[PDB]
Amino acid sequence: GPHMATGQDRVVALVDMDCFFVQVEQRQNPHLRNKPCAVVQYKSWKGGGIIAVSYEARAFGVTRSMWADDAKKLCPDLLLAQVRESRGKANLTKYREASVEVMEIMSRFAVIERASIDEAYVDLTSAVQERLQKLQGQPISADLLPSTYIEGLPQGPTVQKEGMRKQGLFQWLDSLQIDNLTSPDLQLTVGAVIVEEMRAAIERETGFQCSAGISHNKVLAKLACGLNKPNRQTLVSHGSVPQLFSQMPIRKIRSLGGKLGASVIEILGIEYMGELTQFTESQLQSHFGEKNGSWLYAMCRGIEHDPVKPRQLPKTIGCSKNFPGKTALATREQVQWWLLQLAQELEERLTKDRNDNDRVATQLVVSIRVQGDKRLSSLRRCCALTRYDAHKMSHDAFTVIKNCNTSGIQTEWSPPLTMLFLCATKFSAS
DNA sequence: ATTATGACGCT
DNA sequence: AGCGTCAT
Ligand SMILES: Nc1nc2c(ncn2[C@H]2C[C@H](O)[C@@H](COP(=O)(O)NP(=O)(O)OP(=O)(O)O)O2)c(=O)[nH]1
Ligand SMILES: [Mg+2]
Ligand SMILES: [Mg+2]
């Protein structure tokens, strides 16, 4: 009753760039704009592997993870941009720099948590309180929400998508009690006004379009963001959760798309997030552990407490390359040369990071995969990172991995290596 | 031969 | 510390 917390204390937004790498390439090359196009890494094997797809190309069935040759079968006029190659490997610098452009704009409005190269959470609670004081009980005009959808509306008592959007928005705004400065629905609405402004700023100052979700916590904001992509934002209220979750496959919620989500489905004999409400917190904890159980009990009611962390910069800086099938590294000279290539890219990125961000990494993590292992990493070993020198980093990585070499011969490497990975971690202020 | 990352939980 | 999971 009156003591049952409803998880309506915060206003949280999730901003995700639409087809990011594609937009970066379309800004640089206007010939790619408003066209079916995709971004690929490498080229020789099946035309390269697609990692980003414009919405025009998605209409033909083009997806991430698809080989470009296969994509061309679905979309013969598909245009392709290739990721830059440096020191024999894909180099993603252009997209990391474009990311910084966007994240610095977002940081003007509120503290953000960088969740990936193209998305960030925003805690708008305080900004919303400020705007509400400025409004002075003035109603919110639909003109202030020109790209906002209200999930679950319209309802009750009409052909085109924009007319649907506007009808739902008008139903929402008509039911708003702008008198109450602590109404959660009002707070969400003001949050959506601020996010319209943030997205306008991003597009004006970078040329990039994005989508966004506005809700009371990170998981609902993330889910909302995907409901109306591209170039739109969606508000998911606390009240919309029962209907939304009643037909929501468990796998659609962040964290449940893998083995745990499959176990929830299999053990409980359910399919949708809303079915979880029928179990007690102790029941869920008994199946999925104390932490997962409490999280599921709250999440199926729309409640989640994970804070937006004040963290605009990545916590690690890493360099990885796969060596599939017959390109695996089977000599010591090979392994040394590629450790050096990775280490040289890492040195360049670390030196730039130190100059920009006033910090130094102190730990080097070396991960490898050996032929036959189906795991991402076969082995992971750390050593100290005391100088930004690629030859030293690569020599140290070799020293910590050289005992994996089964070959009695000194020149050969067996079993051959199918992946190398260097990761700088444990940053300190400098 | 699905690649290149990044975050975070467990023990 | 080293390994596993999840995202994409
Ligand atoms: N290297 C690499 N980059 C990837 C991979 N997957 C994604 N990226 C890169 C390329 C992506 O552009 C970028 C952002 O990932 P999203 O937000 O998941 N996809 P997007 O922004 O394209 O479309 P949407 O409009 O649906 O949000 O991350 C991968 O497997 N490998
Ligand atoms: Mg995106
Ligand atoms: Mg994203």
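Side chains are part of it too, since the values below use all heavy atoms of this structure and drop only hydrogens, waters and symmetry mates. First the proteins, then the strands, lettered A, B, ... as listed; each starts at 1.
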Between protein and nucleotides 5-11 of chain B, map the contacts as a letter string: B base, S sugar-phosphate only, - none, heavy atoms under 4.0 Å, written 5' to 3'. BSSSS--
Rounded to the nearest 0.5 Å, what separates atom CZ in A:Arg108 from atom CD in A:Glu197? 11.5 Å
Once you apply a heavy-atom cut-off of 4.0 Å, does A:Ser65 come out as touching a base, just sugar-phosphate, or nothing? base
Once you apply a heavy-atom cut-off of 4.0 Å, does A:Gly49 come out as touching a base, just sugar-phosphate, or nothing? nothing
Is the distance between the ring centroids of A:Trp338 and A:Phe323 less than 6.0 Å? yes
Under 6.0 Å between ring centres, would you say that holds for A:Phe208 and A:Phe20? yes
Could you tell me how far C:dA7 sits from B:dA1 if I compare only their P atoms? Round to whole Å. 24 Å
Taking only side-chain N and O atoms of A:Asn322, does any of them lie within less than 4.0 angstrom of OP1 or OP2 on B:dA4? yes
If we only count heavy atoms from C-beta on, is the A:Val128 to A:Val193 side-chain gap below 4.5 Å? no
Answer yes or no: is there a side-chain heavy-atom contact under 4.5 Å between A:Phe421 and A:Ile368? no
Rounding to a whole Å, what distance do you find between A:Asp70:CG and B:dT2:P? 11 Å
What integer distance in Å separates A:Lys374:NZ from B:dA1:P? 13 Å
May I ask you to check whether [X] and [Y] show a side-chain donor-acceptor distance below 3.5 Å?
X	Y	answer
A:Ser414	A:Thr406	no
A:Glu151	A:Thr234	no
A:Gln129	A:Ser126	no

Nucleotide interval of DNA chain C bounded by contacts with chain A (heavy-atom cut-off, under 4.0 Å): C:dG2 to C:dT8
